[PDB]
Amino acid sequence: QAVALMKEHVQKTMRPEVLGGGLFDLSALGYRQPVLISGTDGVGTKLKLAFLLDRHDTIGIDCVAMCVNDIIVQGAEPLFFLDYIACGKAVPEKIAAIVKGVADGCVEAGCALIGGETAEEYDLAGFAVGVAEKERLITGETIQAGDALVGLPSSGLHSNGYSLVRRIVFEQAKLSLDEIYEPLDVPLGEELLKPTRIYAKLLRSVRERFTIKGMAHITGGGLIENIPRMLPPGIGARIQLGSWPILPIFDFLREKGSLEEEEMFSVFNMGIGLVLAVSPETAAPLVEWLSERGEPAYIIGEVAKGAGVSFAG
């Protein structure tokens, strides 16, 4: 049954270009000068929570999101994904649940799960491949002083800063994953397990109506480390504190862990999972457009001559 359920999950991700191992017929898409963008990633310490809660049908999404979000910031469209599950002994139902999350993420990203491997607690590793029109690569090179930074909200902690989280919730506060602590509105275990947002579909819609000069996926190192990766040399970012909603989970962690402001921004996404750089005149229109489709967005700052990220207000 587990195997049967596993095949059903994979089948949902299929797209017409997949030709029965699965091959991907790129020629069907009609790219003139195709450039392949790939990436690999592991969930990380967040996996430890999956173990403790015996809930494995969502971490697969985090895995897919980490690989896919990094691909789309370069302007690529995700094509296919492959997973690698390592474990002591393989329990069918367990593997089936891990794959289900991967498939769900793949469905959200629009990429097909064309391959997998279960080799004999566990560890998950994902690999995504995307493609972009060579002359349509988003490099951030055209970003100039004065451009606006529009941030799209994260769903929560996403997949970074879990080492610190585990230290705070287990070593320091000695909390229970089943308890509800204010300002959180659900059990801590559930909050810490919320899957990472996948921005693939949204960005594909946005890019059809607007010119995105650059993008940054907020992962390791937070806003501080990732925003500069999309900016040209000589250009820095000025973030306006209080221009976007800092999710409760972060206020919770700051309190329960007696954390300093700088450490926070150096580890957590603080509420923003993807930052977009656009010309000044595009900022408000973009935000309004997203608003009408039920997507919140915030003008979190602007770029300026210099380098690095600084905060104000």
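The first residue of the sequence shown is number 1, and the count goes up from there.
Chemist: What number of deposited residues lacks coordinates in the span between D178 and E179: none, 1 to 3, 4 to 9, or 10 or more?
Modeler: None; the chain is continuous from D178 to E179.
Chemist: Answer with none, 1 to 3, 4 to 9, or 10 or more: how many deposited residues between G20 and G21 are not present in the coordinates.
Modeler: The entry has a gap there, with 4 to 9 residues left out between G20 and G21.
Chemist: Of 265 to 273 and 51 to 59, which one has the bigger average CA B-factor?
Modeler: Taking the mean C-alpha B-factor of 51 to 59 and of 265 to 273, the larger value falls to 51 to 59.
Chemist: Compare the mean C-alpha B-factor of 275 to 283 with that of 63 to 71 as given in the PDB entry, and name the stretch with the higher value.
Modeler: The recorded data point to 275 to 283.
Chemist: Sorting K213, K100, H217, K174 by Cα temperature factor from the record, which one lands on top?
Modeler: The C-alpha B-factor peaks, among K213, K100, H217, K174, at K174.
Chemist: Based on the PDB record, which member of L193, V107, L202, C87 exhibits the highest Cα temperature factor?
Modeler: That would be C87.
Chemist: Against its chain's modelled residues, does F252's Cα B factor rank lowest, middle or highest third?
Modeler: Highest third, going by the recorded CA B-factors of the chain.
Chemist: According to the PDB entry, is the CA B factor of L26 in the bottom, middle or top third of its chain, that is, lowest, middle or highest?
Modeler: Middle third - that is where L26 ends up once the chain's C-alpha B-factors are sorted.
Chemist: So where's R197 on the chain's Cα temperature factor ranking, which third?
Modeler: It falls in the bottom third of the chain.
Chemist: Classify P183 as lowest, middle or highest third according to the C-alpha B-factor given in the PDB entry, relative to its own chain.
Modeler: According to the entry, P183 has a C-alpha B-factor in the chain's highest third.
Chemist: Taking the chain's C-alpha temperature factors as the reference, tell me which third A125 falls into: lowest, middle or highest.
Modeler: Middle third by C-alpha B-factor.
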